[PDB]
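To start, the structure itself, in structure tokens.
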Ligand SMILES: Nc1nc2c(ncn2[C@@H]2O[C@H](COP(=O)(O)OP(=O)(O)OP(=O)(O)O)[C@@H](O)[C@H]2O)c(=O)[nH]1
Ligand SMILES: Nc1nc2c(ncn2[C@@H]2O[C@H](COP(=O)(O)OP(=O)(O)O)[C@@H](O)[C@H]2O)c(=O)[nH]1
Ligand SMILES: [Mg+2]
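Residue numbers (the deposited numbering), protein chains in the order written: chain 0N, 1 to 280; chain JM, 1 to 39, 47 to 439; chain 4C, 201 to 300; chain 0G, 66 to 91, 94 to 122; chain JN, 1 to 430.
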């Protein structure tokens with residue numbers, strides 16, 4: 001008179017009752033796990049693959065006489081976060097075109113995901129390879145991360161497409177090769193922004209990064225975001241100018257100031273640091 | 001010069017049309033893609056497009072698109088005319104009222120336009136063939152609407168119905184007696200010749216002879232196809248005694264009200280034991296009249312015989328046919344009616360039967376297809392009337408008819424119409 | 201050489217192929233219809249189109265282009281110069297492009 | 066505390082679910100099979116007795 | 001193409017539909033990302049039946065999620081396959097029902113039903129040829145049994161022509177989960193006989209019995225429970241999604257199973273159900289199927305189907321089978337069960353065939369029947385209602401929301417009338 005469900009029960013190891021069914025269920029569960037390991041769809045293999053491809057090694061190119069020139073691999077760092085920018089390809093932005101988010105991260109170790117290349121946007125009168133202030137270029141991702149080239153771009157603010165947290169202008173790594181890649185350097189201080197045009201850009205200095213189609217500066221905040229690679233902040237485009245208004249139009253009419261010279265200070269948020277390699 | 005137009009309405013009509021036209025396209029040597037390899048005997052069923060392929064003279068009707076688009080994806084997507092596969096949007100759902108009183112008109116007009124176009128090209132149209140299942144809502148309803156529409160569009164033109172009635176006990180639906188009675192009421196005054204095509208009797212034939220425990224509907228469709236081919240080969244193949252379809256309503260119809268009959272075929276054999284048997288003309292004639300060989304669940308021993316049209320194909324001998332007929336008449340257990348001294352109509356064709364690869368039948372040199380009209384056919388009508396009225400007594404399943412737009416009275420007129428038909432059959436059977 | 205393929209002719213061809221897919225089935229569809237041929241013949245599942253594959257797709261979708269015009273449009277479409285077209289990129293160009 | 070190996074226990078030690086119809090299943096049975104009578108009979112021409120034959 | 005739209009309210013129907021959509025996505029080869037990676041072309045001709053097509057090449061289920069509280073819906077959006085549903089089909093209240101039928105049907109239900117009615121409308125004119133409606137809910141709770149049935153009445157009002165079926169999780173007297181089922185259970189079942197064209201019943205107690213006796217699984221949860229009910233869900237609509245030798249739509253099943261307008265309550269069963277031991281040990285054959293699918297202990301409600309006579313029955317075979325074996329099995333089981341079947345109608349059994357077996361299976365059978373054994377459940381329901389109504393227990397929170405004893409009395413009388421007219425056919429003779 002073998003009867004099941006007899007109040008207290010032991011493991012399937014004992015023979016009290018209903019042990020065969022439990023043991024067979026356990027066997028078939030690991031046999032399904034055998035199927036999952038036979039066909040390469042393991043979540044563990046996926047996470048390990050992503051982690052290993054994200055954290056590969058890389059060499060930063062050395063800088064001679066501290067002058068940035070096209071083709072080097074350099075680090076881009078927000079000073080206000082004191083942190084280096086990286087890209088998350090695996091996360092997909094909400095858009096018909098394929099674009100991937102970029103976030104700033106405190107850890108500064110040289111990684112493949114954290115490295116970038118500088119490329120000449122369009123042929124220019126400057127034949128020499130030294131980069132200059134106010135010269136358009138395109139930032140490209142390392143060929144190791146993706147065989148296809150990926151460029152950092154932005155498109156004008158729309159209520160249809162606003163940042164998930166910051167709600168402001170987006171920055172996206174996309175396959176677009178259009179004019180949106182046009183990025184330009186700018187020297188930090190208000191007094192000399194205009195006159196620093198046409199001068200070589202040297203590494204290690206506090207610089208500003210501005211988009212051409214929008215004339216917006218790229219910057220970051222203490223804005224929280226979550227992804228695979230720990231906890232990371234946001235990078236976007238916005239004008240963090242000082243709030244007080246100045247009579248630029250009336251200064252124009254009187255004739256004291258001309259538009260190209262700026263008059264409004266911008267906060268420390270907007271600063272960015274180019275980082276080269278320590279040793280050759 | 002001579003053509004016959006085929007109509008396939010209802011799901012069963014569709015699945016029998018597929019098999020029949022596969023059989024005909026193989027036996028005519030035309031590929032499924034539609035053009036003759038080239039490495047006037049087709050004008051009856053196929054029509055030249057002018058250069059290359061051949062255009063079907065067939066029409067397909069159904070209210071549910073699964074079978075139609077399945078055929079459109081099948082091997083004959085390159086064969087069939089595009090919009091002669093007329094498909095609806097909503098299935099009639101086994102309801103005669105749905106197919107006859109609400110949504111049948113949105114499709115019957117298109118079908119009549121199509122048949123105008125097909126008949127206009129044809130110059131020597133011989134008649135119409137109709138394929139449908141009685142125990143299906145859309146089948147019965149659309150077959151009805153088509154029959155009264157063509158009855159006033161043409162009139163005297165001949166039509167033959169290879170129709171599938173529900174089996175006595177082997178049937179799928181519960182409400183099939185209703186639409187069966189209504190379909191019979193619709194067709195008994197509009198169909199020149201109608202044959203029985205129930206399924207379980209032929210299932211028994213297959214189990215007995217082919218020795219199979221597991222056949223399906225495909226074999227049924229194939230064998231019905233072979234019967235149709237045997238019947239229609241006389242119009243397109245040379246023979247010593249050619250019989251036209253017009254010699255059906257003049258030889259198998261003693262009275263206008265009696266036009267229901269049943270078919271049979273011989274020999275049925277597999278490829279394993281065919282070479283070890285005789286298969287003589289006398290034997291295939293004797294087996295054709297064997298009571299269990301009937302394709303319909305009807306016992307000929309319980310009624311008299313009126314007229315049999317039996318046709319041979321192959322290298323048959325008229326003298327041997329006459330000898331077999333003499334032996335049949337000599338046998339006592341088959342008895343004819345007194346007022347019909349001669350009741351055999353024989354035709355001879357020289358084309359041997361075709362064999363489809365992958366089918367059950369083997370290659371044979373002689374074959375006979377027989378169509379018999381007998382007074383014993385009233386048994387199926389009586390049993391269907393019982394299955395009707397037992398559940399008809401207390402207004403069962405009636406409101407899905409009446410609230411659809413059907414009037415409640417028509418079942419009555421069907422009842423006394425079938426009663427008068429049965430009285431006609433049992434009055435004819437008496438001796439004079 | 202008889203002639204080189206001209207930009208306005210390229211625009212005409214792309215407009216024709218761009219309009220042809222609209223006529224079939226419904227408005228929201230034609231994306232699944234284009235994807236479905238790629239599923240039908242992309243055996244390796246890698247996601248890369250080729251010259252002959254695109255020729256086949258055009259032949260299926262009632263568009264017999266010249267070999268030369270097909271090479272011209274292929275070259276215009278690809279900048280990688282690898283002789284392979286990403287299916288999603290081709291779909292985005294043909295279907296979602298504000299510019300003619 | 067388990068974190069990574071917690072996948073193993075949730076997968077094999079009574080997670081509050083059941084795994085993808087594998088209780089309903091039938094040596095290896097995913098074997099999603101499909102073929103309709105028309106799609107098999109009249110086109111590739113396999114013998115009607117040789118169809119069915121459940122396995 | 002004769003597409004059907006899904007609606008579900010309350011956490012019960014939410015779970016049922018969530019797992020049903022997982023089953024359908026698995027069957028059709030749709031990833032939780034909504035992108036198709038099937039193997040056949042045969043999975044794609046009938047995608048429009050359940051999935052609409054959106055930008056990016058993805059598909060969206062045409063389902064509506066309604067509730068008076070957001071907890072279970074936030075759970076389902078976080079669960080697997082939660083990304084298939086559009087964010088617009090979630091509708092939720094901030095109050096909840098609290099197992100109060102009046103709250104879910106009169107005060108909060110009426111004011112909230114406008115949005116859900118609007119969305120179901122726009123989706124309904126979204127489709128070309130609408131086929132019907134299916135609803136999944138539990139009558140033992142507040143929000144479901146109230147708001148769902150109010151939507152039932154409204155939709156039946158604006159669409160008198162279409163067909164509508166509901167899947168009702170009813171309270172079992174043995175397994176008790178709340179103190180006040182009978183009141184709102186009777187209130188809901190009253191409003192079902194007049195509007196629902198099809199209603200089929202599921203019971204937690206008997207479904208537990210299935211899980212613990214047939215499957216013999218040591219510690220079942222709600223997951224495999226919902227898996228069984230979802231398998232039953234999907235087994236009925238196979239012909240509308242796949243080719244078969246005998247197609248049969250929901251209207252055909254209705255007109256072929258229901259004799260009278262007020263007998264539209266149904267009992268369902270699924271086969272082959274087996275324990276985790278004998279999968280490779282028992283041969284899958286039509287005789288074994290037909291034997292198991294008429295086992296009384298295979299049904300999902302406490303009602304014993306041996307205690308009455310079957311009015312109509314239907315079996316929907318899936319997979320490649322010969323038609324004869326089905327036919328003779330049906331007729332033989334009809335003949336040796338003459339005393340257990342009604343006599344005045346002959347051949348009260350439907351056989352339907354679809355040629356696509358389920359995932360991981362070679363054959364399957366879904367049984368739907370209408371029997372005089374279902375009314376025993378309403379005897380328990382009526383006895384409980386009368387006993388707890390005689391002392392006027394818990395009546396006053398209902399009546400403090402615009403209710404009075406008139407509707408309770410009329411619902412009780414109507415349900416007893418239904419029981420009477422359903423039982424008088426049991427002993428009827430022609
Ligand atoms: N001989 C034969 N009969 C068939 C076939 N298919 C269906 N039937 C018969 O048709 C009856 C049911 O009607 P169906 O043909 O299936 O369907 P319908 O006639 O289109 O009517 P609806 O079901 O309302 O769509 C069954 O009882 C069968 O006897 C077939 O392929 N061959
Ligand atoms: N099958 C099944 N039954 C459930 C589920 N959740 C709840 N139930 C049943 O529903 C009953 C309670 O219903 P309730 O939550 O009050 O319904 P509501 O008030 O409309 O939300 C319990 O007796 C359970 O048996 C589920 O996920 N699956
Ligand atoms: Mg049909």
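The beta carbon of each residue, even a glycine, is placed where N, CA and C say it ideally should be.
Item                                                                                                                                                                                       : Value
Please confirm whether any heavy atom of ligand 3 lies closer than 7 Å to the CB of residue 145 (chain JM).                                                                                : yes
Hey, would you say residue 229 (chain JN) sits closer than 8 Å to residue 16 (chain JN), going by beta carbons?                                                                            : yes
Residues of chain JM with CB under 9 Å from residue 344 (chain JN), in chain order?                                                                                                        : 397, 398, 400, 401 and 403
Excluding the 5 residues preceding and the 5 following residue 255 (chain JM) in the sequence, name in chain order all residues of the same chain whose CB lies nearer than 6 Å to its CB. : 200
Does the beta-carbon of residue 71 (chain JM), which I'm using as the reference point, lie nearer than 7 Å to any heavy atom of ligand 3?                                                  : yes
Tell me the rounded alpha-carbon separation between residue 97 (chain JN) and residue 147 (chain JN).                                                                                      : 9 Å
Measuring only the C-alpha atoms, how far is residue 277 (chain 0N) from residue 66 (chain 0N)?                                                                                            : 10 Å
Relative to the C-alpha of residue 279 (chain 4C), which residue among 12 (chain 0N), 176 (chain 0N) and 202 (chain 0N) is closest?                                                        : 176 (chain 0N)
Shorter than 7 Å, the distance from the beta carbon of residue 228 (chain JM) to the closest heavy atom of ligand 1, or not?                                                               : yes
For the candidate residues 145 (chain JN), 159 (chain JN) and 106 (chain JN), whose alpha-carbon lies nearest to that of residue 120 (chain JN)?                                           : 159 (chain JN)
Could you work out which residues of chain JN lie near residue 228 (chain 4C), taking near to mean beta carbons separated by less than 9 Å?                                                : 52, 53, 54 and 55
Just the chain 0G side, please: which residues come within less than 8 Å of residue 49 (chain 0N) by C-beta, in chain order?                                                               : Simply none; closest approach about 15 Å.
Between 189 (chain 0N), 115 (chain 0N), 269 (chain 0N) and 79 (chain 0N), which has its C-alpha nearest residue 133 (chain 0N)'s C-alpha?                                                  : 189 (chain 0N)
Could you tell me if the beta carbon of residue 131 (chain JN) falls within a distance shorter than 7 Å of some heavy atom in ligand 3?                                                    : no
Interface residues of chain 0N around residue 216 (chain JN) at Cβ under 9 Å?                                                                                                              : 4, 18 and 21
Tell me the DSSP secondary structure of residue 85 (chain 0G) in three-state form.                                                                                                         : coil
Restricting to Cα atoms, I'd like to know which of 235 (chain JM), 204 (chain JM) and 194 (chain JM) is closest to residue 175 (chain JM).                                                 : 204 (chain JM)
What does residue 77 (chain 0G) reach in chain 0N if we use C-beta pairs closer than 8 Å?                                                                                                  : 26, 29, 30 and 33
Could you please tell me which residues of the stretch 15–30 of chain JN, in chain order, have their CB closer than 9 Å to any CB of chain 0G?                                             : 22, 23, 26, 27 and 29
Distance check for residue 355 (chain JN) and residue 32 (chain 0N), CA to CA, integer angstroms please.                                                                                   : 27 Å
Step through the CB atoms of chain JM and report whether any lies within less than 8 Å of the CB of residue 101 (chain 0G).                                                                : no
Taking Cβ positions only, does residue 292 (chain 4C) come closer than 8 Å to chain 0N?                                                                                                    : yes
Can you tell me where the beta strand (DSSP E) with residue 63 (chain JM) in it begins and where it stops?                                                                                 : 61–63
For a contact defined as C-beta to C-beta under 8 Å, what are the partners of residue 18 (chain JM) on chain 0G?                                                                           : 105 and 109
Using the beta-carbon of each residue, which ones in chain 0G are nearer than 9 Å to residue 364 (chain JM)?                                                                               : 112
Apart from the five residues just before and just after residue 433 (chain JM), which ones in its own chain have a Cβ nearer than 7 Å to its Cβ?                                           : 385
The beta strand (DSSP E) that contains residue 267 (chain 0N), what's its start and end?                                                                                                   : Premise fails: residue 267 (chain 0N) is in no beta strand (DSSP E) and is neither H nor E.
Would a C-beta distance cut-off of 8 Å place residue 149 (chain JM) and residue 62 (chain JM) closer than the cut-off?                                                                     : no
With respect to 7 Å, is the separation between the Cβ of residue 12 (chain JN) and the closest non-hydrogen atom of ligand 2 below this value?                                             : yes
With 8 Å as the limit, tell me which residues of the stretch 92–120 of chain 0N have their beta carbon closer than that to any beta carbon of chain JN; keep them in chain order.          : 96
Could you tell me the boundaries of the beta strand (DSSP E) in which residue 399 (chain JM) lies?                                                                                         : Note, residue 399 (chain JM): premise wrong, no beta strand (DSSP E); alpha helix (DSSP H) at 385–399.
In chain order, what are the residue ranges of uninterrupted alpha helix (DSSP H) at least 4 long that sit wholly in the stretch 253–290 of chain JM?                                      : none
If you drop the 5 nearest sequence neighbours on each side, which residues of the same chain put their C-beta closer than 8 Å to that of residue 136 (chain 0N)?                           : 121, 122, 124, 182, 183, 184 and 212
Select from the stretch 294–328 of chain JN all residues with a C-beta closer than 8 Å to any C-beta belonging to chain JM, and list them in chain order.                                  : 312, 322, 323, 324, 325, 327 and 328
If you measure from the beta carbon of residue 218 (chain 4C) to each beta carbon in chain JN, is any gap under 8 Å?                                                                       : no
Could you tell me which residues DSSP pairs with residue 354 (chain JM) in its beta bridges?                                                                                               : 318 (chain JM)
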